Amino acid sequence: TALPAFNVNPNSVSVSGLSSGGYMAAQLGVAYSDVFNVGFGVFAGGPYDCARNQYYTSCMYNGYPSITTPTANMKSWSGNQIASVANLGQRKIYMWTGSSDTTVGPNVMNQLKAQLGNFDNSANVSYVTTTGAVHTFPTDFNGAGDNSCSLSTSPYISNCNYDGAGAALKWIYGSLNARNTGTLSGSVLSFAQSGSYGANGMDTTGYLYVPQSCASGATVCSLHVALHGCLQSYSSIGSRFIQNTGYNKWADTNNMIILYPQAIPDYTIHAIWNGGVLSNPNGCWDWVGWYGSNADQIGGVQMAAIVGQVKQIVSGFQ
Ligand SMILES: *[C@@H]1O[C@H](CO)[C@@H](O[C@@H]2O[C@H](CO)[C@@H](O[C@@H]3O[C@H](CO[C@H]4O[C@H](CO)[C@@H](O)[C@H](O)[C@@H]4O)[C@@H](O)[C@H](O[C@H]4O[C@H](CO)[C@@H](O)[C@H](O)[C@@H]4O)[C@@H]3O)[C@H](O)[C@H]2NC(C)=O)[C@H](O)[C@H]1NC(C)=O
């Protein structure tokens, strides 16, 4: 099915994600700060350009990645390979980690905090820590199939007694109507991630949750892009990220569409920025350069595809 155009204001776009989806949220937020012009959210991700000049495992497992060059590159690329970093001073940025995350980790997120500290006033950056939470998406309900917030295992979505989706949306957008406490009003559309909407490393189908208010075209909506993490693509866990992460109940009472782009497991070995070659068996978003030297720059194929999806959705603005 073709990705529809909706009555969404192009000035109301943001993105967030977990894991490699968190990394990608920041890559989009930085490289395309003009497109994601409200802000972005990072759950258990890491520094922009973290893995370009140091090996990816140094950007994981609660290690201490360097941000010297990554920060320098942001300064250097501003206005060319990425949108003006001045934009970032005018963005709401949400950050979250579990204190017991040993997959990415507080130390990694601390480095992202420091990096962004060079481009956005602390007042606009919220960095929340849930004590005891492991690498997992934090929600405050028992989604079907959820793993314990104390055990990092598939589907990496938990009841951590913390509404992470709500927190991120409220930090990015400000005051929101109370989340829907009943059945959702909308549907979960599928669309073809093909042509300009698709790319290497991406599934051929994406999804989006569309509240009844946004479907009719009679109401101007906003757009939030939510990016699953590694081992969280549709191929791995089906619709569990779409359904169990808690974005939809907020979208539903706040005239918001939630777009859910899908990556896919990729067992082909590719040259990456640093450390030689690597396949992408876990279906992560590209934060290491699997599909291009420009993965976190304007033109990066996955970012270009997601931005394409965004432009299509907002093309229906009335
Ligand atoms: C990211 O975080 C930063 C830091 O908190 C935010 O930036 C501040 O934003 C507020 C509100 O927009 C600014 O407040 C305005 O300050 C003006 C004076 O600015 C002078 O001084 C600052 C340094 O203190 C210089 O940077 C600036 O160039 C000026 O020299 C006031 O004149 C404003 O008041 C007038 O406008 C308001 C609104 O219309 C009216 O209500 C008033 O009556 C009056 O007419 C206002 O108080 C503040 O200056 C900003 N500080 C910074 C960092 O420069 C970002 O907004 C935030 N990102 C976002 C947008 O979310």
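Residues: numbered from 1 along the sequence shown. In what follows, every heavy atom counts, from backbone to side chain, and hydrogens, waters and symmetry copies are set aside.
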**Residue pair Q302 / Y291, side-chain donor-acceptor N/O under 3.5 Å** = no
**Request:** Would you name the heavy atoms of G299 and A304 that are closest together and state the gap between them?
**Result:** O-CB, 4.2 Å
**Message:** Counting C-beta onward and ignoring hydrogens, is there a side-chain heavy-atom pair between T103 and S19 closer than 4.5 Å?
**Reply:** no
**Check: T71 side chain, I67 main-chain N or O, donor-acceptor pair, under 3.5 Å** = yes
**Complete:** When rounded to the nearest 0.5 Å, the distance separating CZ of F36 from CD1 of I306 is 7.0 Å
**Request:** Could you check if a side-chain atom of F317 sits within less than 4.5 angstrom of a side-chain atom of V8, using non-hydrogen atoms only?
**Result:** no
**Fill in**
Quick note, salt bridge (charged side-chain N to carboxylate O under 4.0 Å, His left out) partners involving residues 179-198, not counting sequence neighbours, are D140-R179, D163-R179
**Message:** Among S16, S126, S14, which residue satisfies the side-chain contact (heavy atoms from CB on, under 4.5 Å) criterion with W171?
**Reply:** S126
**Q111 side, atom CD; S58 side, atom OG - distance, nearest 0.5 Å** = 11.5 Å
**Asked** Are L18 and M95 linked, directly or through other ILVMFWY residues, by side chains that come within less than 4.5 angstrom of each other?
**Response** no
**Request:** For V13 and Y173, work out which heavy atoms get closest and say how close.
**Result:** C-OH, 3.9 Å
**Request:** Begin from the C-alpha positions of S148 and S150 and carry the test side-chain hydrogen bond (donor to acceptor under 3.5 Å, both in side chains) through to its verdict.
**Result:** CA-CA 5 Å; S148 170; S150 68; 2.8 Å; yes
**Item:** From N280 atom CG to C230 atom SG, the distance as rounded to the nearest 0.5 Å
**Value:** 7.0 Å
**Request:** Examine the side chains of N107 and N62 and answer whether a donor and an acceptor come within less than 3.5 Å of each other.
**Result:** yes
**Qualifying side-chain hydrogen bond (donor to acceptor under 3.5 Å, both in side chains) pairs with a residue from residues 23-35, counting only residues at least two apart or across chains** = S33-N87
**Message:** Closer than 3.5 angstrom, by distance alone: can the side chain of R91 be matched with the main-chain N or O of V125 as a donor-acceptor pair?
**Reply:** no
**Request:** Carefully, step by step, assess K92 and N124 under the rule side-chain hydrogen bond (donor to acceptor under 3.5 Å, both in side chains).
**Result:** CA-CA 5 Å; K92 299 298 182 184; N124 308 314; 3.0 Å; yes
**Asked** Got a donor-acceptor contact below 3.5 angstrom from the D296 side chain to the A31 backbone?
**Response** no
**Prompt:** Could you give the distance from CD1 (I264) to OG1 (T204), rounded to the nearest 0.5 Å?
**Reply:** 6.5 Å
**Prompt:** For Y48 and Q115, what are the C-alpha separation, side-chain angles and deciding distance, and is it a side chain to side chain contact (heavy atoms under 4.5 Å, CB included)?
**Reply:** CA-CA 8 Å; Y48 175 81; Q115 182 186 53; 3.5 Å; yes
**Request:** Verify the distance criterion only: is there a donor paired with an acceptor across the side chains of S185 and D252 at less than 3.5 Å?
**Result:** yes
**Message:** Check whether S78 reaches the backbone of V85 with its side chain - one donor and one acceptor, N or O, closer than 3.5 Å.
**Reply:** yes
**Request:** Spell out, as yes or no, whether a donor-acceptor pair under 3.5 Å connects the side chain of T136 to the backbone of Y156.
**Result:** yes
**Request:** Find out whether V30 and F119 are in side-chain contact, i.e. whether some heavy atom of one side chain is under 4.5 Å from a heavy atom of the other.
**Result:** no
**Message:** One pair to check against side chain to side chain contact (heavy atoms under 4.5 Å, CB included): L189 and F191. What are the steps and the verdict?
**Reply:** CA-CA 7 Å; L189 306 188; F191 69 96; over 6 Å; no
**Asked** Is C59 close to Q54 at the side-chain level, that is, under 4.5 Å between some pair of heavy atoms?
**Response** yes
**Prompt:** Nearest 0.5 Å, what's the SG-CG distance between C221 and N9?
**Reply:** 10.5 Å
**Message:** Centre-to-centre under 6.0 Å for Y260 and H228, is that the case here?
**Reply:** no
**Request:** Look only at the side chain of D101 and the backbone of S152, and say whether a donor-acceptor pair between them is shorter than 3.5 Å.
**Result:** no
**Item:** Working for side chain to side chain contact (heavy atoms under 4.5 Å, CB included), residues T97 and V104
**Value:** CA-CA 9 Å; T97 186; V104 179; over 6 Å; no
**Request:** Could you state whether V108 and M74 fall into the same hydrophobic cluster, counting links through intermediate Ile, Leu, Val, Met, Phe, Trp or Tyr residues with side-chain heavy atoms under 4.5 angstrom apart?
**Result:** no
**Asked** Do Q193 side-chain atoms and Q262 backbone N/O form a donor-acceptor pair below 3.5 Å?
**Response** yes
**Minimum heavy-atom distance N177-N254, with the two atoms named** = N-OD1, 2.7 Å
**Request:** Start with the C-alpha gap between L3 and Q309, add the side-chain angles, then the distance that decides, and say whether side chain to side chain contact (heavy atoms under 4.5 Å, CB included) holds.
**Result:** CA-CA 8 Å; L3 178 59; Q309 291 174 23; 3.8 Å; yes
**Message:** Please determine whether residues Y94 and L223 belong to a single hydrophobic cluster, defined as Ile, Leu, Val, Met, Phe, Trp and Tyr linked transitively by side-chain heavy-atom distances below 4.5 Å.
**Reply:** no
**Prompt:** Does any N or O in the side chain of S315 come within less than 3.5 Å of the main-chain N or O of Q312, such that one atom is a donor and the other an acceptor?
**Reply:** yes
**Item:** Check: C149 and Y162 side chains under 4.5 Å, non-hydrogen atoms
**Value:** no
**Prompt:** Shortest non-hydrogen contact from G283 to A263?
**Reply:** O-CB, 3.4 Å
**Request:** Side-chain contact test, heavy atoms from C-beta onward, threshold under 4.5 Å: evaluate it for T268 versus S279 and give yes or no.
**Result:** no
**Item:** Contact check, side chains of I258 and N248, non-hydrogen atoms, under 4.5 Å
**Value:** yes
**ring-ring contact (aromatic ring centres under 6.0 Å, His included) pairs, two or more places apart, involving residues 121-144** = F43-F137, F137-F241, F137-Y247
**Request:** Give the intermediate values and the outcome of side-chain hydrogen bond (donor to acceptor under 3.5 Å, both in side chains) for residues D146 and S158.
**Result:** CA-CA 5 Å; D146 275 19; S158 301; 5.7 Å; no
**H224 and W250, any side-chain heavy atoms less than 4.5 Å apart** = no
**Asked** Which atom pair, heavy atoms only, marks the closest approach of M24 to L227?
**Response** CG-CD1, 3.5 Å
**Prompt:** Is a side-chain donor or acceptor of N7 paired with a backbone partner of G217 at a separation under 3.5 angstrom?
**Reply:** yes
**Item:** Stepwise side-chain hydrogen bond (donor to acceptor under 3.5 Å, both in side chains) test for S213 and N255
**Value:** CA-CA 6 Å; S213 64; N255 303 307; 3.0 Å; yes
**Request:** Identify the heavy atoms of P261 and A226 that sit nearest to each other, and give their distance.
**Result:** CD-O, 3.8 Å
**Single-linkage hydrophobic cluster, 4.5 Å side-chain cutoff, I242 and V310 together** = no
**Request:** Nearest 0.5 Å please: distance from the CD1 atom of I237 over to the CD atom of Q232.
**Result:** 4.5 Å
**Asked** In terms of hydrophobic clustering (I, L, V, M, F, W, Y; side-chain heavy atoms under 4.5 Å; direct or indirect links), are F40 and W77 co-clustered?
**Response** yes
